[PDB]
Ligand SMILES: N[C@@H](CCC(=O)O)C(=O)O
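Here you get one chain, nothing else, as structure tokens; it is the form solved without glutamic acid.
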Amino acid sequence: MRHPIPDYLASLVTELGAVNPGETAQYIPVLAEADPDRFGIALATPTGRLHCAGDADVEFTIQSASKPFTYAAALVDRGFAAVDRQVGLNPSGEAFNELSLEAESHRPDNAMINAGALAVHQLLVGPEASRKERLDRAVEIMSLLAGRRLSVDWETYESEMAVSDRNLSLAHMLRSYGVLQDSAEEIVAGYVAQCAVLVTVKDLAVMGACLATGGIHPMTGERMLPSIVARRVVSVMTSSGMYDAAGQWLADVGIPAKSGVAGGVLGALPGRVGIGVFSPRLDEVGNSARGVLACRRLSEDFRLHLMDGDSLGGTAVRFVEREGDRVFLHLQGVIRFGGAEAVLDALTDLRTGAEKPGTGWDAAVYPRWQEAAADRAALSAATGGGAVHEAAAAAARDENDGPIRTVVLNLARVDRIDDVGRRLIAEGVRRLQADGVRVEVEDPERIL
């Protein structure tokens, strides 16, 4: 059987391809002359799958969509403190206002706008880094997430340098306020080479998935970035990626994205998918007309929206077996706060102490809450509490004949657990034992 997603994308490529409004970036003939009759799209999943359609293998310069990756590299190289002194986190339009550096911050609003990107490139390797090392670092970071060595289209680069007065303007102003240390020319050349890196819709989809997973490359499972860094980058993409239209975009689409003037659009939805879209023509605000509409379609059709919750929750608890004197608690999935919390609930739902729980709420005041609580299993399926409810059941009628002396924690089905989950679950175990309960943690591949 053939995967239905790629077909959906094919349908999408045909439908939205019925028209092709807007126009190509006019500033450089290399872009103004590029074939406008191209439209490709790719989805890279968290687990390592890649569904695509249309011109998804056609190369184009990444331009502004490079901004979150260099921002990423800079944060890893210099740390948060050093980057935050030079780059803010405030959303703004690309139009430059000097007042934005006159603030006691003395720094560009954010990493998505040009002035902010120029400051990022400057911080790329270290204070004593050479022009060549910073570019290589830019190209490297994008290449490591793309999974293949990328190249700089020097034809576009040259075309761009011949008309880089605006960026030179930004860089000079920035030097003026001490945000840039090196020459305006040097930093602009580096940022322009950076924007000339060649990628395909597929490359972007994969690169976006690395951010979407929290820094893990979906095709290898190797950590390419710290989860904290990926988080920051996706944060700024969401609040600043679409400049002054970021709010409207957050509400109608909900997909952290950033587009480039060559027709490319990058997306990254935490825990769900990396997206690459390509369509040469841009709308009135400078974004890829179809690329942007393709993202709105994916969101509405699949409910792929940042605000549409999708957590493991109680499903962290595979099941609860009250074999007899001993209780078996198996866990599964990617355990973080959500799952850890549910686990702690299952453990507490066992009578391993004088059961004098604090209902949290007054049954007298909330009769409905009591009624709903009665049908433990129904209430769980309506919210989504996996098998956590099986704990209260084990500590139910079965307690009527025999206490609980042993609890076995099986983690075989658990893929991985973050620190928060590890600390919460560990404490849970520590507190169970304190109840005179024996606790054995069966953990084949030492994950705890």
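Residue numbers run from 1 along the displayed sequence. Here the rigid core means the biggest group of C-alpha atoms that line up within 1.5 Å when the two forms are laid on top of each other.
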Higher-deviation segment by CA RMS in 6 other deposited structures of this protein, core fitted, 291-299 or 244-252
244-252
Comparing against the shown form in 6 other deposited structures of this protein, which stretch has the larger RMS C-alpha deviation after a rigid core superposition, 104-112 or 132-140?
104-112
Give yes or no for this: do at least a third of the other compared entries, each modelling residues before and after residue 367, lack coordinates for it?
yes
Counting only other entries that model residues on either side, is residue 354 absent from the coordinates in at least a third?
yes
Which wins on mean Cα temperature factor, 252-260 or 351-359?
351-359
Averaging C-alpha B-factors over each stretch, which comes out higher, 279-287 or 103-111?
103-111
By the CA temperature factor listed in this entry, which of these ranks top: 84, 128, 203, 182?
128
Of the residues 186, 310, 77, 140, the one whose Cα carries the largest B-factor in the deposited record is 310
Looking at the C-alpha B-factor of residue 444, is it in the lowest, middle or highest third of its chain?
highest
Classify residue 272 as lowest, middle or highest third according to the C-alpha B-factor given in the PDB entry, relative to its own chain.
middle
The third of the chain into which the C-alpha temperature factor of residue 223 falls is the middle
Is residue 21 in the lowest, middle or highest third of its chain when residues are ranked by C-alpha B-factor?
lowest
Could you tell me which third, lowest, middle or highest, the C-alpha B-factor of residue 416 occupies within its chain?
highest
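What comes next is about the form deposited with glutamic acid bound, which does not appear here.
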When you measure heavy atoms, are 64, 114 and 260 every one within 4.5 angstroms of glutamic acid in the entry with it bound?
yes
Heavy atom of residue 249 within 4.5 Å of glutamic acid in the entry with it bound
no
Within 4.5 Å, heavy atoms only: does residue 191 come near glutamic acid in the entry with it bound?
yes
Given that the partner is absent here, does residue 347 sit within 4.5 Å of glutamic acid in the entry with it bound, heavy atoms only?
no
So in the entry with it bound, is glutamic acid close enough to residue 167 to count as touching (4.5 Å, heavy atoms)?
yes
Note: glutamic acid not shown here; in the entry with it bound, the stretch from 300-308, 100-108, 191-199, 213-221 having heavy atoms within 4.5 Å of it is 191-199
With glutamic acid left out of view, which of 319, 96, 157, 243 would have a heavy atom within 4.5 Å of it in the entry with it bound?
243
